[PDB]
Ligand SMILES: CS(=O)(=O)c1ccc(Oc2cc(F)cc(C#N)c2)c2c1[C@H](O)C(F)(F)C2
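In structure tokens, one chain follows: the form solved without this ligand.
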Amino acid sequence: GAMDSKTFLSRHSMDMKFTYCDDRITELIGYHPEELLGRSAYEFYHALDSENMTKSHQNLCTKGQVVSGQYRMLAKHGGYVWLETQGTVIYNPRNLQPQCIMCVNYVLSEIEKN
């Protein structure tokens, strides 16, 4: 295949706001890893495609795994980048509660604006 690709690991917790962001995000979404880790995703988490992600969260909440394709992710300045989410819910082994959310983001299209 031979593909570099733009992919950054992400993590959320329960409500999936954002608890971890790969360093690549500075160049991808424009924010800082520490800028996302500790804020609610759903704000910047896609404008019209957040409903799509709601379906994803709705599915992932009790499937342990989820897939989702090209959506618009809000870039730092209100931009939109088209990405896909490889989703998984890591549950606590000792608690069986949603320990975290493991998201793999694939940057397909670059910054689309307006």
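Quick note: we count residues from 1 along the sequence shown, nothing fancier.
Only in words, not in the display: the form deposited with this ligand bound, which the text now covers.
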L28, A47 and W82 each touching this ligand in the deposited complex (heavy atom, 4.5 Å): no
Contact label in the deposited complex: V66 to this ligand, heavy atom within 4.5 Å: yes
Partner contact for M53 in the deposited complex: this ligand, 4.5 angstroms, heavy atom: yes
